[PDB]
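Data file: start.pdb. Format and content: PDB, C-alpha atoms and all ligand atoms.
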ATOM      1  CA  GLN A 411    -112.880 -94.511  38.600  1.00  0.00           C
ATOM      2  CA  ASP A 412    -112.045 -91.112  37.109  1.00  0.00           C
ATOM      3  CA  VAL A 413    -114.293 -88.465  35.537  1.00  0.00           C
ATOM      4  CA  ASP A 414    -112.885 -86.274  32.744  1.00  0.00           C
ATOM      5  CA  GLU A 415    -113.802 -82.731  33.853  1.00  0.00           C
ATOM      6  CA  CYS A 416    -112.448 -81.338  30.577  1.00  0.00           C
ATOM      7  CA  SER A 417    -114.779 -83.443  28.426  1.00  0.00           C
ATOM      8  CA  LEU A 418    -117.820 -82.138  30.354  1.00  0.00           C
ATOM      9  CA  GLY A 419    -120.199 -79.488  28.959  1.00  0.00           C
ATOM     10  CA  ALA A 420    -118.181 -76.404  29.863  1.00  0.00           C
ATOM     11  CA  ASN A 421    -114.436 -75.760  30.012  1.00  0.00           C
ATOM     12  CA  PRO A 422    -113.532 -75.247  33.709  1.00  0.00           C
ATOM     13  CA  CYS A 423    -110.489 -73.210  32.615  1.00  0.00           C
ATOM     14  CA  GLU A 424    -111.379 -69.554  32.152  1.00  0.00           C
ATOM     15  CA  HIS A 425    -109.998 -67.219  29.445  1.00  0.00           C
ATOM     16  CA  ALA A 426    -109.548 -69.979  26.816  1.00  0.00           C
ATOM     17  CA  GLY A 427    -107.093 -71.926  28.999  1.00  0.00           C
ATOM     18  CA  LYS A 428    -106.286 -75.502  28.050  1.00  0.00           C
ATOM     19  CA  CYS A 429    -107.912 -78.158  30.239  1.00  0.00           C
ATOM     20  CA  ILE A 430    -105.717 -81.143  31.066  1.00  0.00           C
ATOM     21  CA  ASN A 431    -107.393 -84.118  32.749  1.00  0.00           C
ATOM     22  CA  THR A 432    -105.750 -85.875  35.702  1.00  0.00           C
ATOM     23  CA  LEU A 433    -106.720 -88.934  37.761  1.00  0.00           C
ATOM     24  CA  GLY A 434    -108.937 -87.668  40.588  1.00  0.00           C
ATOM     25  CA  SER A 435    -108.989 -84.020  39.513  1.00  0.00           C
ATOM     26  CA  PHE A 436    -107.943 -81.737  36.631  1.00  0.00           C
ATOM     27  CA  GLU A 437    -105.468 -78.952  35.806  1.00  0.00           C
ATOM     28  CA  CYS A 438    -105.507 -75.785  33.690  1.00  0.00           C
ATOM     29  CA  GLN A 439    -102.758 -74.708  31.324  1.00  0.00           C
ATOM     30  CA  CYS A 440    -103.245 -70.937  31.324  1.00  0.00           C
ATOM     31  CA  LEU A 441    -102.502 -68.545  28.469  1.00  0.00           C
ATOM     32  CA  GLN A 442     -99.914 -65.768  28.863  1.00  0.00           C
ATOM     33  CA  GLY A 443    -101.265 -63.147  31.277  1.00  0.00           C
ATOM     34  CA  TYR A 444    -103.602 -65.381  33.279  1.00  0.00           C
ATOM     35  CA  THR A 445    -102.989 -67.284  36.529  1.00  0.00           C
ATOM     36  CA  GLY A 446    -104.797 -69.422  39.124  1.00  0.00           C
ATOM     37  CA  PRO A 447    -105.945 -73.084  39.188  1.00  0.00           C
ATOM     38  CA  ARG A 448    -108.742 -72.201  36.727  1.00  0.00           C
ATOM     39  CA  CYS A 449    -107.021 -69.203  35.035  1.00  0.00           C
ATOM     40  CA  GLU A 450    -109.458 -66.780  36.716  1.00  0.00           C
ATOM     41  CA  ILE A 451    -106.898 -64.067  37.570  1.00  0.00           C
ATOM     42  CA  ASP A 452    -106.042 -61.419  34.991  1.00  0.00           C
ATOM     43  CA  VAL A 453    -102.481 -60.677  36.123  1.00  0.00           C
ATOM     44  CA  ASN A 454    -102.026 -56.981  36.912  1.00  0.00           C
ATOM     45  CA  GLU A 455     -98.727 -56.039  35.252  1.00  0.00           C
ATOM     46  CA  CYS A 456     -99.201 -52.526  36.677  1.00  0.00           C
ATOM     47  CA  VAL A 457     -99.520 -53.644  40.323  1.00  0.00           C
ATOM     48  CA  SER A 458     -95.855 -52.856  41.092  1.00  0.00           C
ATOM     49  CA  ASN A 459     -96.148 -49.431  39.404  1.00  0.00           C
ATOM     50  CA  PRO A 460     -93.574 -50.004  36.627  1.00  0.00           C
ATOM     51  CA  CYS A 461     -94.239 -46.690  34.848  1.00  0.00           C
ATOM     52  CA  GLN A 462     -92.139 -43.843  36.237  1.00  0.00           C
ATOM     53  CA  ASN A 463     -92.524 -40.052  36.379  1.00  0.00           C
ATOM     54  CA  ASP A 464     -96.341 -39.755  36.561  1.00  0.00           C
ATOM     55  CA  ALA A 465     -96.727 -42.021  33.517  1.00  0.00           C
ATOM     56  CA  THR A 466     -99.945 -43.991  32.971  1.00  0.00           C
ATOM     57  CA  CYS A 467     -99.821 -47.797  33.143  1.00  0.00           C
ATOM     58  CA  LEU A 468    -101.992 -49.946  30.874  1.00  0.00           C
ATOM     59  CA  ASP A 469    -103.004 -53.296  32.340  1.00  0.00           C
ATOM     60  CA  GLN A 470    -102.932 -55.522  29.249  1.00  0.00           C
ATOM     61  CA  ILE A 471    -103.049 -59.270  28.519  1.00  0.00           C
ATOM     62  CA  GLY A 472     -99.607 -60.620  29.457  1.00  0.00           C
ATOM     63  CA  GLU A 473     -97.965 -57.181  29.332  1.00  0.00           C
ATOM     64  CA  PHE A 474     -97.953 -53.545  30.432  1.00  0.00           C
ATOM     65  CA  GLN A 475     -97.412 -50.344  28.464  1.00  0.00           C
ATOM     66  CA  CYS A 476     -96.375 -46.915  29.713  1.00  0.00           C
ATOM     67  CA  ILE A 477     -97.786 -43.691  28.278  1.00  0.00           C
ATOM     68  CA  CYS A 478     -95.091 -41.165  29.117  1.00  0.00           C
ATOM     69  CA  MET A 479     -95.711 -37.663  30.440  1.00  0.00           C
ATOM     70  CA  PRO A 480     -94.204 -35.086  27.997  1.00  0.00           C
ATOM     71  CA  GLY A 481     -90.408 -34.845  28.308  1.00  0.00           C
ATOM     72  CA  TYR A 482     -89.931 -38.489  29.297  1.00  0.00           C
ATOM     73  CA  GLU A 483     -89.174 -41.621  27.256  1.00  0.00           C
ATOM     74  CA  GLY A 484     -88.474 -45.349  27.525  1.00  0.00           C
ATOM     75  CA  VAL A 485     -90.344 -48.556  28.315  1.00  0.00           C
ATOM     76  CA  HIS A 486     -90.842 -47.356  31.912  1.00  0.00           C
ATOM     77  CA  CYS A 487     -90.569 -43.633  31.064  1.00  0.00           C
ATOM     78  CA  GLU A 488     -87.351 -43.594  33.112  1.00  0.00           C
ATOM     79  CA  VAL A 489     -85.346 -41.430  30.703  1.00  0.00           C
ATOM     80  CA  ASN A 490     -85.505 -37.648  30.951  1.00  0.00           C
ATOM     81  CA  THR A 491     -85.120 -36.858  27.239  1.00  0.00           C
ATOM     82  CA  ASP A 492     -81.950 -34.903  26.533  1.00  0.00           C
ATOM     83  CA  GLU A 493     -83.122 -32.081  24.247  1.00  0.00           C
ATOM     84  CA  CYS A 494     -79.479 -31.021  23.838  1.00  0.00           C
ATOM     85  CA  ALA A 495     -78.560 -34.307  22.100  1.00  0.00           C
ATOM     86  CA  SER A 496     -79.608 -33.025  18.657  1.00  0.00           C
ATOM     87  CA  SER A 497     -77.535 -29.855  19.285  1.00  0.00           C
ATOM     88  CA  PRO A 498     -80.360 -27.287  18.884  1.00  0.00           C
ATOM     89  CA  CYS A 499     -78.275 -24.219  19.757  1.00  0.00           C
ATOM     90  CA  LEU A 500     -76.701 -22.736  16.618  1.00  0.00           C
ATOM     91  CA  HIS A 501     -73.235 -21.098  16.516  1.00  0.00           C
ATOM     92  CA  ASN A 502     -71.995 -23.348  19.371  1.00  0.00           C
ATOM     93  CA  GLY A 503     -74.316 -22.166  22.154  1.00  0.00           C
ATOM     94  CA  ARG A 504     -74.453 -23.734  25.617  1.00  0.00           C
ATOM     95  CA  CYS A 505     -77.478 -25.989  25.972  1.00  0.00           C
ATOM     96  CA  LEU A 506     -79.287 -26.537  29.271  1.00  0.00           C
ATOM     97  CA  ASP A 507     -81.662 -29.505  29.526  1.00  0.00           C
ATOM     98  CA  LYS A 508     -85.198 -29.046  30.891  1.00  0.00           C
ATOM     99  CA  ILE A 509     -88.460 -31.045  30.645  1.00  0.00           C
ATOM    100  CA  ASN A 510     -89.671 -31.303  27.023  1.00  0.00           C
ATOM    101  CA  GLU A 511     -87.606 -28.131  26.642  1.00  0.00           C
ATOM    102  CA  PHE A 512     -84.069 -26.831  26.113  1.00  0.00           C
ATOM    103  CA  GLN A 513     -82.343 -23.613  27.163  1.00  0.00           C
ATOM    104  CA  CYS A 514     -79.776 -22.088  24.812  1.00  0.00           C
ATOM    105  CA  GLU A 515     -77.146 -19.815  26.343  1.00  0.00           C
ATOM    106  CA  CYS A 516     -76.000 -17.989  23.207  1.00  0.00           C
ATOM    107  CA  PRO A 517     -72.438 -16.805  22.471  1.00  0.00           C
ATOM    108  CA  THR A 518     -71.378 -13.253  21.599  1.00  0.00           C
ATOM    109  CA  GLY A 519     -73.182 -11.945  19.814  1.00  0.00           C
ATOM    110  CA  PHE A 520     -76.206 -14.154  19.182  1.00  0.00           C
ATOM    111  CA  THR A 521     -79.781 -14.537  20.444  1.00  0.00           C
ATOM    112  CA  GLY A 522     -81.853 -16.129  21.722  1.00  0.00           C
ATOM    113  CA  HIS A 523     -83.631 -19.487  21.821  1.00  0.00           C
ATOM    114  CA  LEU A 524     -81.839 -21.211  18.937  1.00  0.00           C
ATOM    115  CA  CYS A 525     -79.073 -18.573  18.681  1.00  0.00           C
ATOM    116  CA  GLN A 526     -79.952 -17.976  15.017  1.00  0.00           C
ATOM    117  CA  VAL A 527     -80.189 -14.173  15.172  1.00  0.00           C
ATOM    118  CA  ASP A 528     -76.904 -12.581  14.133  1.00  0.00           C
ATOM    119  CA  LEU A 529     -76.490  -9.184  15.805  1.00  0.00           C
ATOM    120  CA  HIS A 530     -73.376  -8.493  13.659  1.00  0.00           C
TER     121      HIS A 530
HETATM  122 CA    CA B   1    -110.334 -86.070  36.273  1.00  0.00          CA
HETATM  123 CA    CA B   2    -103.226 -58.014  32.704  1.00  0.00          CA
HETATM  124 CA    CA B   3     -85.287 -33.169  29.206  1.00  0.00          CA
HETATM  125 CA    CA B   4     -88.562 -24.398  22.871  1.00  0.00          CA
HETATM  126 CL    CL B   5     -94.154 -49.288  27.928  1.00  0.00          CL
HETATM  127 CL    CL B   6     -85.041 -16.688  18.287  1.00  0.00          CL
HETATM  128 NA    NA B   7     -85.615 -42.476  21.514  1.00  0.00          NA
HETATM  129 NA    NA B   8     -83.207 -18.531  17.208  1.00  0.00          NA
END
Could you quickly redo this structure as structure tokens?
Ligand SMILES: [Ca+2]
Ligand SMILES: [Ca+2]
Ligand SMILES: [Ca+2]
Ligand SMILES: [Ca+2]
Ligand SMILES: [Cl-]
Ligand SMILES: [Cl-]
Ligand code: NA
Ligand code: NA
Amino acid sequence: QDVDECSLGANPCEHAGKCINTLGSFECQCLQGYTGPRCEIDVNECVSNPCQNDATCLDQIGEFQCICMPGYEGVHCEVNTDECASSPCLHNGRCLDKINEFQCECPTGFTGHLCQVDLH
């Protein structure tokens, strides 16, 4: 004789998991982001510290999201944004990459941060 645990008053599977009856026991089909025999674990997607460079990790349902510290980008904030990519230095100035910052080394005779000032 078998008792259907799923048909009973309450659902033994936590977090809206699907209850599937078996002979002798029961099993839980968990939703994305939940684990355990009764879906009682909210999987920590931030447990392995996936966010890099002092970024903040958000433990979400079935996913993680990284809030990047200024100057960094990407899903894991792994990319140090190249501020020289957009070519900010006018009149062909040398660009030096920093954090959320660029450094223009202006040609002769220009100045100073974007090399826009013509000294004539
Ligand atoms: Ca059963
Ligand atoms: Ca989670
Ligand atoms: Ca940078
Ligand atoms: Ca600047
Ligand atoms: Cl992210
Ligand atoms: Cl300037
Ligand atoms: Na981008
Ligand atoms: Na300038």
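The smallest atom-to-atom distance between residue A:517 and any of A:453, A:416, A:499, A:441, using only C-alpha atoms, is found for A:499.
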Sorted by chain and rising residue number, list the residues of chain A at most 12 Å from ligand NA 7 (chain B) (counting all atoms listed in the file), each with its closest atom pair and distance in Å to one decimal, as a tab-separated table.
residue	atom	partner	partner_atom	distance
A:481	CA	B:NA7	NA	11.3
A:482	CA	B:NA7	NA	9.8
A:483	CA	B:NA7	NA	6.8
A:484	CA	B:NA7	NA	7.2
A:485	CA	B:NA7	NA	10.3
A:487	CA	B:NA7	NA	10.8
A:488	CA	B:NA7	NA	11.8
A:489	CA	B:NA7	NA	9.3
A:490	CA	B:NA7	NA	10.6
A:491	CA	B:NA7	NA	8.0
A:492	CA	B:NA7	NA	9.8
A:493	CA	B:NA7	NA	11.0
A:495	CA	B:NA7	NA	10.8
A:496	CA	B:NA7	NA	11.6
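Nearest to residue A:443 of all the residues A:460, A:472, A:422, A:427 is A:472, based on all atoms listed in the file.
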Quick check on the file I pasted: which residues fall under the PyMOL selection byres (((chain A and resi 414) around 9) and not hetatm)? Write them as a ChimeraX atom specification. /A:412-413,415-418,430-436
Select all residues near (-91.8, -49.8, 36.9) (cut-off 12 Å, inclusive, file coordinates), counting only C-alpha atoms, and output them as number ranges by chain. A: 455-468, 474-476, 484-488
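Across the structure, atom CA of ligand CA 3 (chain B) and atom CA of residue A:519 are spaced 26.2 Å apart.
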Please, which residues have at least one atom within 9 Å of an atom of ligand NA 8 (chain B), using only C-alpha atoms and all ligand atoms, listed as a PyMOL selection string? chain A and resi 499-500+520-527
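Atom CL of ligand CL 5 (chain B) is positioned 27.2 Å from atom CA of residue A:506.
Here atom CA of residue A:426 and atom CA of residue A:449 stand 8.6 Å from one another.
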Which residues form the shell of 10 Å around ligand CA 4 (chain B) when you count all atoms listed in the file, given as a PyMOL selection string? chain A and resi 493+498+508+510-514+523-524
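When all atoms listed in the file are used to compute distances to ligand CL 5 (chain B), the closest of the residues A:504, A:497, A:530, A:477 turns out to be A:477.
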For residue A:447: contacts at 9 Å, only C-alpha atoms, fewer than 5 positions along chain excluded, given as a compact mmCIF listing (two decimals) with C-alpha atoms, in the coordinates of the input:
# COMPACT_ATOMS: atom_id res chain seq x y z
CA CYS A 423 -110.49 -73.21 32.62
CA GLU A 437 -105.47 -78.95 35.81
CA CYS A 438 -105.51 -75.78 33.69
CA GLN A 439 -102.76 -74.71 31.32
CA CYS A 440 -103.24 -70.94 31.32
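The closest residue to ligand CA 3 (chain B), picked from A:529, A:478, A:516, A:509 and counting all atoms listed in the file, is A:509.
Shortest atom-to-atom contact with ligand CA 3 (chain B) among A:473, A:442, A:494, A:425: A:494, counting all atoms listed in the file.
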Draw an axis-aligned box tight on the listed atoms of stretch 487-504 of chain A, then pad every side by 8 Å and write out centre and edge lengths in Å to one decimal as AutoDock Vina command-line options.
--center_x -81.3 --center_y -32.4 --center_z 24.8 --size_x 34.6 --size_y 38.5 --size_z 32.6
Could you please fill out stretch 455-475 of chain A with N, CA and C atoms and send it back as a compact mmCIF listing (two decimals), keeping the file's coordinate frame?
# COMPACT_ATOMS: atom_id res chain seq x y z
N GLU A 455 -100.12 -56.37 35.54
CA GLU A 455 -98.73 -56.04 35.25
C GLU A 455 -98.37 -54.61 35.68
N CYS A 456 -99.37 -53.89 36.19
CA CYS A 456 -99.20 -52.53 36.68
C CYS A 456 -99.24 -52.43 38.20
N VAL A 457 -99.36 -53.58 38.86
CA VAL A 457 -99.52 -53.64 40.32
C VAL A 457 -98.29 -53.14 41.09
N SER A 458 -97.11 -53.28 40.48
CA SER A 458 -95.86 -52.86 41.09
C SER A 458 -95.46 -51.45 40.65
N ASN A 459 -96.37 -50.77 39.96
CA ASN A 459 -96.15 -49.43 39.40
C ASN A 459 -94.85 -49.32 38.59
N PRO A 460 -94.81 -49.97 37.41
CA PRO A 460 -93.57 -50.00 36.63
C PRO A 460 -93.31 -48.72 35.84
N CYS A 461 -94.36 -47.94 35.59
CA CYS A 461 -94.24 -46.69 34.85
C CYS A 461 -93.83 -45.55 35.77
N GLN A 462 -92.75 -44.88 35.40
CA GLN A 462 -92.14 -43.84 36.24
C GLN A 462 -92.50 -42.44 35.77
N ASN A 463 -92.33 -41.48 36.67
CA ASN A 463 -92.52 -40.05 36.38
C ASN A 463 -93.94 -39.69 35.94
N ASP A 464 -94.91 -40.04 36.79
CA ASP A 464 -96.34 -39.76 36.56
C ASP A 464 -96.91 -40.32 35.26
N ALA A 465 -96.26 -41.35 34.72
CA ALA A 465 -96.73 -42.02 33.52
C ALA A 465 -97.92 -42.92 33.83
N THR A 466 -98.76 -43.15 32.82
CA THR A 466 -99.94 -43.99 32.97
C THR A 466 -99.63 -45.43 32.56
N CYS A 467 -100.05 -46.38 33.40
CA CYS A 467 -99.82 -47.80 33.14
C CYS A 467 -101.07 -48.48 32.60
N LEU A 468 -100.89 -49.23 31.51
CA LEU A 468 -101.99 -49.95 30.87
C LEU A 468 -101.93 -51.43 31.20
N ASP A 469 -102.91 -51.89 31.96
CA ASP A 469 -103.00 -53.30 32.34
C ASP A 469 -103.53 -54.11 31.16
N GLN A 470 -102.61 -54.77 30.46
CA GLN A 470 -102.93 -55.52 29.25
C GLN A 470 -102.78 -57.03 29.46
N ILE A 471 -103.14 -57.81 28.45
CA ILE A 471 -103.05 -59.27 28.52
C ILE A 471 -101.60 -59.74 28.34
N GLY A 472 -100.97 -60.10 29.46
CA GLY A 472 -99.61 -60.62 29.46
C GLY A 472 -98.52 -59.57 29.37
N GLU A 473 -98.91 -58.30 29.45
CA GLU A 473 -97.96 -57.18 29.33
C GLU A 473 -98.48 -55.88 29.95
N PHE A 474 -97.59 -54.90 30.06
CA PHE A 474 -97.95 -53.54 30.43
C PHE A 474 -97.35 -52.58 29.43
N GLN A 475 -97.96 -51.41 29.29
CA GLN A 475 -97.41 -50.34 28.46
C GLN A 475 -97.51 -49.00 29.18
